[PDB]
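Two forms, one protein chain; structure tokens for each follow separately as structure 1 and structure 2.
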Structure 1
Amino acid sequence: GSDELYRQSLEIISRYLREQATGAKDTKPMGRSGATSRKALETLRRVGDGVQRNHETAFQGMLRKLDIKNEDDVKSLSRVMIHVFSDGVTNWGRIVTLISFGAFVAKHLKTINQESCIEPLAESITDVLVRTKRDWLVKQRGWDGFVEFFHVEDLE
């Protein structure tokens, strides 16, 4: 059919959010463009987890403002993501931060209700990221650029 970037993006983001909220790995290895997707998810695990560790108290403050002012967290999160990019600056650091915060929201939703699904949150994040930054993502080689940007090439 069509739109491999959207599919691939949604699979990487859905699984990361699903792992974080539940604490379990999907197993279910690969499918379609697995090698890039496998390395992107592992990069997202390393960086995503680190961002949430390093800015945990800040995320709690954002979460509180998110809950109090408006009803739906997924709709509200979309407003935030658009505003984040409203200055016209786009880079992988911002993209990974938004995904990391989405994972934070996903945990929060599973705590207030254990049966909540993560798909609406993930597809909404993927919607913002793919639609609004389609050509930019393509220019960075999609998730291959994401992997490399966050890949440390010399430990020394």
Structure 2
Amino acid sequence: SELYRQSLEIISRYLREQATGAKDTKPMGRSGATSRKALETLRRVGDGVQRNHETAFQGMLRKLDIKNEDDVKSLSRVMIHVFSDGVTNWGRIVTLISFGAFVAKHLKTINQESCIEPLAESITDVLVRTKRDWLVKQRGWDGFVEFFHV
């Protein structure tokens, strides 16, 4: 669907920019203004989450103990568990994606950057496939952008 593809583009762009520090100039495409606004929202709100929850993020990264691609496969089990537990909302979705960026930065640091794209795919899979009903009900990325109104 466009929801999956839109979500993948936003999340992948955010993780790549976080990991590399570089901004992608290629147009978003279909939901341009909204996708661009969603990415900007992740930049601002996600920075806040990474900073304000740095202690937990650093501790979690240590727990995952990522050395290679095999460890990146193993964290998908943890991701789907922790995220699926309890009630979802945009705050938890930002935590999911912001932590993804935090992990992606680590992957850059250890020179295993090729895992960033599959990680973004994994995050998108868990978000869109498992919470489709909630996302649709809450107006998808339009809803996300309006909720935070950065």
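Structure 1 provides the reference sequence; residues are numbered from 1 along it. Think of the rigid core as the biggest set of C-alphas that the two forms share within 1.5 Å after superposition.
Put the two forms on the same core and the Cα of residue 89 is off by less than 2 Å between structure 1 and structure 2. With the core held fixed, residue 69 shows a CA shift of 2 Å or greater between structure 1 and structure 2. Core-superposed comparison between structure 1 and structure 2: the CA of residue 114 exceeds or equals a 2 Å shift.
Once the rigid core is matched between structure 1 and structure 2, the CA atom of residue 33 is found 1.2 Å away. When the core is overlaid, the C-alpha of residue 12 ends up 0.3 Å from its other position between structure 1 and structure 2.
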